[PDB]
Amino acid sequence: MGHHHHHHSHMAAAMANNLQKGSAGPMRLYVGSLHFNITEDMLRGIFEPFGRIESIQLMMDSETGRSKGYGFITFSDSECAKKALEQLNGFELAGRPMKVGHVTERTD
């Protein structure tokens, strides 16, 4: 009935509470550069120098058993994940730029 759902407000609406009741802990990154040959271990080996990865979820064509090109990597430390994003976004690994975004920007 009630319970307002609205995130079309670009920022500010999320961080509104002066004490911040939740969030700020773990963080999940969106990495897109996996041209059918970049594995979980390769990504992790590049990202762990920053901190540590809890789980790596890659998007792959279960239809034929191949990598679609993008995956979500979950870090325990937000700041570390943000740092990995901030340095690796644009990095050429396999002769191709590394697209790393913080998942949500314009959801609603």
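Residues numbered from 1 in each chain as written, not as in the entry; some residues may be left out. Heavy atoms only, no water.

Going by the annotation in the PDB entry, the name recorded for the chain is RNA-binding protein 39, with Homo sapiens given as the source organism. What the PDB record gives as the title of this entry is "Solution NMR Structure of CAPER RRM2 Domain. Northeast Structural Genomics Target HR4730A".

> What is the right way to read the pairing of strand β1 (residues 27-32) from this model?
Along any regular strand, the residues point their side chains to alternate faces of the sheet. In the sheet, β1 pairs with strand β3 (residues 66-75) via six bridges, with the strands oriented antiparallel. Residue pairing in the sheet places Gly32 in a bridge with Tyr70 of β3. Where β1 and strand β4 (residues 99-101) come together, three bridges link them in antiparallel fashion. Residue pairing for β4: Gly32 is matched across the bridge by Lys99. (Pairing = 2+ DSSP bridges. Helix = DSSP H or I, 4+ residues; strand = E, 2+ residues; numbered from the N terminus.)

> Just to check I follow, could you spell out the nonpolar core for this structure?
Within the largest apolar cluster, 18 residues are counted, with the highest numbers of intra-cluster contacts made by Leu29, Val31, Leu43, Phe47, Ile73, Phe75 and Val100. Elements represented by at least two residues in this core include exactly β1, α1 (40-47), β2 (53-61), β3 and α2 (78-88). Among the elements that take part in this core, α2 stands out by supplying five residues, more than any other. Residue contacts for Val100: discarding those within four places in its chain leaves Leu29, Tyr30, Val31, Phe47, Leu85 and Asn89. (Core = buried A, V, L, I, M, F, W, Y, C linked by side-chain atoms within 4.5 Å. Buried < 20%, exposed > 50% of the residue type's maximum accessible area, 1.4 Å probe, protein only. Contact = heavy atoms within 4.5 Å.)

> Is there a simple way to explain the layout of surface pockets in this structure?
Rolled over the atoms, a probe sized like a water molecule indicates the empty space that remains. There is about 890 Å³ of room inside the largest pocket. Surrounding the largest pocket, 22 residues form its lining, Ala14, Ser23, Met27, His102 and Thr104 being those nearest its centre. Sorting the residues of the lining of the largest pocket by element identifies β1 and α2 as the ones contributing at least two each. In terms of residues, the lining of the largest pocket owes the most to one element, α2, which gives four residues. Grouping the constituent residues of the lining of the largest pocket by class yields nine nonpolar, nine polar and four charged. Space inside the second largest pocket adds up to approximately 180 Å³. For the second largest pocket, the full set of lining residues is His4, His5, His6, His7, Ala13 and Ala14. Within the lining of the second largest pocket, the residues separate by chemical class into two nonpolar, four polar and no charged. (1 Å grid on protein atoms, 1.4 Å probe; cavity = no way out; pocket = protein on both sides within 12 Å on 5 of 7 lines; lining within 4 Å. Points joined across faces, edges and corners; volume = space filled by probe spheres on them. Nonpolar A, V, L, I, M, F, W, Y, C, P; charged D, E, K, R; others polar.)

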